[PDB]
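# Report on the structure
In case you want the letters, here they are:
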Amino acid sequence: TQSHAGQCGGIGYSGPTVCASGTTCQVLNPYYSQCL
Ligand SMILES: *[C@H]1O[C@H](CO)[C@@H](O)[C@H](O)[C@@H]1O
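Rules of the game
Residues numbered from 1 in each chain as written, not as in the entry; some residues may be left out. Heavy atoms only, no water. Helix = DSSP H or I, 4+ residues; strand = E, 2+ residues; numbered from the N terminus. Buried < 20%, exposed > 50% of the residue type's maximum accessible area, 1.4 Å probe, protein only. Contact = heavy atoms within 4.5 Å. Areas by Shrake-Rupley, 256 points an atom, 1.4 Å probe, with all protein chains shown as cover. Disulfide = S-S within 2.5 Å. UniProt positions renumbered as here; feature names shortened; annotations may be inferred.

Looking only at helices and strands, one finds zero helices and two strands in the protein chain. In the protein chain, which comprises 36 residues, the share counted as buried stands at 25%. Long-range pairs, those at least 24 residues apart, make up 29% of the contacts in the protein chain with a sequence separation of at least 6. Summed over all atoms, the accessible surface of the protein chain reaches about 2300 Å², with 55% contributed by carbon and sulfur.

With that out of the way, let us pick up unusual backbone geometry. For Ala5, which is not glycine, the phi dihedral falls at a positive 85°. Structurally, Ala5 is set in the segment before β1 (25–27).

Here the focus is the UniProt feature "disulfide bond" in the protein chain. Look at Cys8 and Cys25: UniProt has them disulfide-bonded, and their sulfurs are 2.0 Å apart, which fits a closed bridge. One end of the pair, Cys8, is in the segment before β1; the other, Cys25, is in strand β1, with 17 residues separating them in the sequence. Residue classification places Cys8 among the buried positions, given a relative accessible area of 0%. With relative accessibility at 30%, the residue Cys25 sits in the partly exposed group.

Below is the structure:
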């Protein structure tokens, strides 16, 4: 479960793209997305 400030789901990330409750996967860069 991706936590706040962690990379939730950008290109290159094949891991679990689900953020912890309270946060949303905010894609900033195409490869860097962060749970906010
Ligand atoms: C999940 O992890 C983030 C850091 O990656 C923390 O800021 C958050 O409070 C939670 O422990």
